[PDB]
Amino acid sequence: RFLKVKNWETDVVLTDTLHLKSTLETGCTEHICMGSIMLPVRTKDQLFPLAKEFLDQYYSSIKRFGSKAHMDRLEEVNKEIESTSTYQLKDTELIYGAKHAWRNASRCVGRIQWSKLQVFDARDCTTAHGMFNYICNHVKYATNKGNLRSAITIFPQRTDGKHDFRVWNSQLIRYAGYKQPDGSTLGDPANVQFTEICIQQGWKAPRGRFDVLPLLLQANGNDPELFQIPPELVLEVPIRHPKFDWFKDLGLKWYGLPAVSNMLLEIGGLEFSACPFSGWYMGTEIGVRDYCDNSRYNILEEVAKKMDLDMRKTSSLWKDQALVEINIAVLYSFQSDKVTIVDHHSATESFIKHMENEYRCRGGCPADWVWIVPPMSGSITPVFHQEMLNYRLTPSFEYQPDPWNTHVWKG
Amino acid sequence: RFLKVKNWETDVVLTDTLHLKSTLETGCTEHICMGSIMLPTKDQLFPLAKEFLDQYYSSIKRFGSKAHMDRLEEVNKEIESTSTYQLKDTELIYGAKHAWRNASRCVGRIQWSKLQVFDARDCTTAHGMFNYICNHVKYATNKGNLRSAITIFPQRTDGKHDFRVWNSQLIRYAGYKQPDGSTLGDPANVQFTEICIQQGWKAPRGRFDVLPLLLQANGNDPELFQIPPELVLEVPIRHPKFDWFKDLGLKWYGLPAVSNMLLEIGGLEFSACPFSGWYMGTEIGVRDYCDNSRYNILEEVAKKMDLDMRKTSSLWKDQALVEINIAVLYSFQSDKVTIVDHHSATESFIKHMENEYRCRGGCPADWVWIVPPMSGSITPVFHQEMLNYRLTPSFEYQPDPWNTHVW
Ligand code: HEM
Ligand code: HEM
Ligand SMILES: CNCCN(C)c1cccc(CCc2cc(C)cc(N)n2)n1
Ligand SMILES: CNCCN(C)c1cccc(CCc2cc(C)cc(N)n2)n1
Ligand SMILES: C[C@H](O)[C@H](O)[C@H]1CNc2nc(N)[nH]c(=O)c2N1
Ligand SMILES: C[C@H](O)[C@H](O)[C@H]1CNc2nc(N)[nH]c(=O)c2N1
Ligand SMILES: [Zn+2]
């Protein structure tokens with residue numbers, strides 16, 4: 001079968017065949033679309049076809065499909081599964097797997113970069129201290145003094161589900177949040193629950209507006225341990241505005257390295273429950289969501305006052321006006337300090353080119369419009385006008401439950 | 001089978017059961033989501049009538065009444081005999097209000113029950129259609145105090161006797177292709193602006209010429225009429241701080257009036273059913289003015305503001321976008337013409353959703369369309385999970401008539 005998508009601004013029509021190789025479900029049916037819903041141990045039985053499919057993919061990409069090397073590898077994996085009930089990926093396979101998980105990530109606007117991913121193999125790790133060391137090296141490599149480099153670190157795969165490696169932080173670098181007795185929040189409201197856990201686990205909180213959280217690291221299904229990331233490894237950027245001099249006195253800053261650490265990486269039926277990955281920020285992630293969401297730092301008002309906008313009627317668009325000036329500030333600050341960042345115009349334009357290229361060389365590009373379209377100025381970006389097909393390919397990144405809800409405590 | 005939707009800003013969780021009453025298809029499958037795609041007999045007719053009459057009579061608390069069963073048999077006998085049937089006025093009004101209620105892409109549905117329905121099923125000619133349409137325009141415009149309305153022309157019979165309004169909206173600006181290869185007026189209407197000329201319309205070849213109506217009654221050839229200029233309320237666009245803005249020469253019309261959709265009620269098809277409400281500011285300032293395949297004035301405005309247009313990262317496009325939208329709102333408000341900003345309209349839709357959840361069991365909604373085209377995440381609808389599904393009565397798309405009509 002063939003499926004067409006149309007860009008309603010250019011009238012370019014692309015044809016998708018790649019969706020035929022789709023395995024996983026979407027959540028939608030002929031009778032309902034679940035497109036805007038945020039969040040919609042394997043047996044010997046299920047494992048071999050999942051492995052075979054992946055190795056077929058891998059060997060195709062290297063133009064060795066049907067070769068003796070291909071056949072021998074399938075036989076070896078087969079034997080290993082029936083003897084040990086799991087299997088180990090070769091280095092080459094792991095790298096290919098991790099790059100393709102990113103490539104297949106339909107909510108990611110940054111995928112033009114997918115083939116440039118530094119893969120750190122941490123499968124020999126056994127303790128939380130060893131995890132800390134690997135993560136420290138990842139942060140140093142990825143930061144690169146401001147000249148950011150995409151990377152992923154991969155800890156040992158799941159076995160019986162009782163010896164999982166997990167990074168309990170949602171991101172390697174994130175600011176604490178503290179609920180006050182008066183109901184107000186100091187710091188990042190999104191991180192209150194995790195901050196509470198850290199404190200209970202022994203963290204001494206300085207209790208400021210921008211305290212970098214410690215790492216909470218779980219190895220081999222053991223109880224998690226607290227580690228502090230060396231401050232000299234945490235690159236931060238003070239936020240100022242090119243024309244507004246009072247903006248610096250708002251006291252804002254942010255970290256340079258966006259590094260997601262709570263997702264599950266699935267490759268050929270194997271599950272890697274700890275696989276922190278990092279790239280660089282699109283400006284609106286910070287300026288629109290982190291700073292201006294009502295449920296986060298929420299500075300729209302304070303900024304709006306300082307600009308002396310008419311804040312009486314929403315139709316003055318004072319919220320919209322402040323939002324833009326803030327996003328100008330975030331971009332200006334990072335560029336001035338020479339920390340890698342991309343604006344939403346540049347990012348979305350690059351994504352359209354990537355997607356066209358993918359339709360031509362691969363037969364499609366799974367994409368989630370609800371997430372691809374930026375959270376400000378939607379229709380003046382080329383993605384808004386682009387029809388997109390959403391479906392799931394493997395290898396892939398998946399959500400998993402928060403560890404504090406599932407963990408069996410040793411004490 | 002019972003579905004929950006979460007608002008990620010307020011943690012309010014709603015439970016949806018209404019989707020179980022859905023009959024039509026979404027385009028999605030378990031293997032692929034098509035959420036961002038813009039486009040999708042006697043024996044067939046009676047269950048549709050029944051389904052419709054059942055919900056009608058349920059709404060008036062007379063489900064399982066003699067009056068219910070009576071109408072059901074009467075309609076059945078009418079179909080068995082005439083191969084169609086006619087709606088009572090009460091049912092017609094119910095169906096139209098519910099078609100709006102069920103429109104999953106419409107952010108303005110909180111007003112759904114306050115719709116003025118004009119029954120034009122006695123109309124037989126294009127001059128008659130014109131008259132009904134002028135009356136609709138004048139009633140809805142109301143000197144700037146806008147009122148929602150729909151006018152319903154005769155239903156489809158054998159597909160040969162179709163009533164159609166050829167225009168996409170009752171009021172729209174012409175579009176012409178100029179020697180340069182550029183475009184004067186509205187690029188969206190070039191093809192239609194030419195079908196008007198190619199039918200006899202003398203164009204002022206200006207930038208903002210109100211298009212003529214092209215009206216098709218009972219299948220016959222379409223005819224041209226100019227809407228009395230005194231019936232077309234327009235707003236000069238000025239900025240409340242930039243005195244140079246008024247010299248850009250922009251204006252827009254007050255009345256958004258969609259005329260190319262198909263209204264389906266109880267299996268019956270109303271191919272000509274123009275409806276109108278009032279604008280959300282972004283439709284004009286973001287889409288009409290700043291879209292690249294429309295009036296596309298961002299560059300000109302940015303210049304006038306003397307912004308650094310060297311690098312995308314100065315966000316000069318964004319800055320100007322906001323100002324253009326401030327001006328649209330300011331101009332309509334100053335000239336006393338009904339308009340709503342995107343903040344107000346989305347706040348209203350949230351309240352409406354919550355009302356619909358507790359009184360109906362849900363509210364079909366298309367997030368891709370409900371979220372405004374600027375400042376999306378600072379509006380409450382961005383953080384709102386929504387379920388999209390198709391209920392009837394409904395408004396549907398239908399083919400452009402100039403590809404189907406046999407002269
Ligand atoms: C290098 C520059 C990158 C940029 C500019 C970028 C941008 C984004 C943005 C804006 C989102 C939306 C998430 C949100 O708004 O909260 C996203 C999602 C995502 N990104 Fe990228 N990203 C980059 C690199 C990467 C890398 C290196 C990986 C993995 C190796 C990755 C994997 C993903 C995945 C799996 C999602 C979906 C998350 C979900 O489903 O919730 N990205 N990306
Ligand atoms: C009264 C104020 C109203 C407001 C503020 C409003 C707002 C909107 C907006 C912004 C859209 C998105 C369409 C686009 O961006 O092009 C929309 C879609 C729609 N509206 Fe409303 N509307 C109003 C009245 C009405 C009325 C009176 C009806 C019918 C009786 C209606 C039926 C629809 C339908 C069927 C769609 C979706 C059409 C499609 O699928 O393309 N609206 N509305
Ligand atoms: C529910 N989604 C938010 C947290 N998750 C799972 C997530 C996953 C991938 C990307 C993001 C946004 C943060 C981010 C990460 C990376 C690696 C790059 C970037 N520009 N931004 N977040
Ligand atoms: C791609 N579809 C856009 C044109 N169509 C069919 C359409 C249908 C309903 C509404 C609109 C937007 C114009 C409009 C109409 C009405 C009645 C109110 C309003 N604020 N805006 N457009
Ligand atoms: C490709 C995508 O479906 C298309 O650009 C849609 C996106 N969302 C929209 N939303 C509204 N309200 N109106 C539109 O015309 C569109 N266009
Ligand atoms: C309910 C809705 O799906 C949810 O708010 C989504 C909308 N789109 C998004 N898009 C991005 N990039 N990031 C997000 O967190 C969200 N949130
Ligand atoms: Zn869907």
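Sequence lines set the chain letters: A, B, ... in the order given, protein chains first and strands last, and positions in each chain run from 1. Heavy atoms only: backbone and side chains are in, while hydrogens, waters and symmetry mates are out.
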Open item on the list: For A/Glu93, give me all partners under salt bridge (charged side-chain N to carboxylate O under 4.0 Å, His left out), at least two apart in sequence or on another chain.
Closed with: A/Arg73
Is the [atom1] atom of [X] crowded by more than 12 outside heavy atoms at less than 6.0 Å?
| X | atom1 | answer |
| --- | --- | --- |
| A/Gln113 | CD | yes |
| A/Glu398 | CD | yes |
| A/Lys204 | NZ | no |
| A/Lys306 | NZ | yes |
| B/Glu347 | CD | no |
| A/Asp160 | CG | yes |
| A/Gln400 | CD | yes |

Tell me yes or no: between the side chains of [X] and [Y], is some donor less than 3.5 Å from an acceptor?
| X | Y | result |
| --- | --- | --- |
| A/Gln157 | A/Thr86 | yes |
| A/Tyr178 | A/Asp211 | yes |
| A/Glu325 | B/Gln319 | yes |
| A/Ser170 | A/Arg174 | yes |
| A/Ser295 | A/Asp293 | no |
| A/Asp223 | A/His407 | yes |
| A/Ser377 | B/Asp318 | yes |

Please check this pair: side chain of [X] against backbone of [Y], looking for a donor-acceptor N/O pair closer than 3.5 Å.
| X | Y | answer |
| --- | --- | --- |
| A/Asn133 | A/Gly130 | no |
| A/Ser333 | A/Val330 | no |
| A/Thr340 | A/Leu148 | yes |
| B/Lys4 | B/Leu14 | no |
| A/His385 | A/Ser379 | yes |
| A/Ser350 | A/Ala347 | no |
| A/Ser36 | B/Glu385 | no |
| A/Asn390 | B/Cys33 | no |
| A/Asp402 | A/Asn405 | no |
| A/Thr195 | A/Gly177 | yes |

TODO: May I ask you to check whether B/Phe382 and B/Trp8 place their ring centers less than 6.0 Å from one another?
DONE: no
Open item on the list: Is it the case that the ring center of A/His241 lies less than 6.0 angstrom away from the ring center of A/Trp246?
Closed with: no
Task: Test log, rule ring pair (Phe, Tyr, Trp, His ring centres under 6.0 Å), inputs A/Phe165 and A/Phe272 - done: CA-CA 8 Å; A/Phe165 287 65; A/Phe272 294 92; over 10 Å; no
Task: side chain to side chain contact (heavy atoms under 4.5 Å, CB included) between B/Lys317 and B/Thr312, intermediate numbers included - done: CA-CA 8 Å; B/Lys317 275 179 172 169; B/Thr312 63; over 6 Å; no
Distance (rounded to the nearest 0.5 Å) between [X] [atom1] and [Y] [atom2]:
| X | Y | atom1 | atom2 | result |
| --- | --- | --- | --- | --- |
| A/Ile380 | A/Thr348 | CD1 | OG1 | 9.0 Å |
| A/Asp188 | A/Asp290 | CG | CG | 7.0 Å |
| A/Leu216 | A/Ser261 | CG | OG | 10.5 Å |
| A/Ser346 | B/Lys311 | OG | NZ | 11.0 Å |

- [ ] Sorted by first residue and then second, give each side chain to side chain donor-acceptor pair (under 3.5 Å) pair with at least one member in residues 268-281 of chain A; sequence neighbours left out.
- [x] A/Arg42-A/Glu271, A/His138-A/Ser278, A/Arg158-A/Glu271, A/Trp254-A/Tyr281, A/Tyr255-A/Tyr281
- [ ] Please report the shortest heavy-atom distance between B/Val368 and B/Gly35, naming the atom on each side.
- [x] CG2-O, 3.8 Å
TODO: Show your reasoning for whether salt bridge (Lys or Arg N to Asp or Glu O under 4.0 Å) applies to A/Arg111 and A/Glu358.
DONE: CA-CA 10 Å; A/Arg111 283 180 286 168; A/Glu358 289 284 80; over 6 Å; no
TODO: Go through the steps for A/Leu233 and A/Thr143 under the test side chain to side chain contact (heavy atoms under 4.5 Å, CB included), then give the verdict.
DONE: CA-CA 8 Å; A/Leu233 257 41; A/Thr143 303; over 6 Å; no
TODO: Measure from NZ or CZ of A/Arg240 to the centre of the six-membered ring of A/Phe247, then state whether that distance is under 6.0 Å and the direction lies within 45° of the axis.
DONE: no
Task: Pairs satisfying ring-ring contact (aromatic ring centres under 6.0 Å, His included), at least one member in residues 193-216 of chain A, at least two apart - done: A/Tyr175-A/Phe210, A/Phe210-A/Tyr297
TODO: Going by the side chain to side chain contact (heavy atoms under 4.5 Å, CB included) test, name the single residue among A/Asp121, A/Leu89, A/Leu94 that passes it with A/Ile154.
DONE: A/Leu94
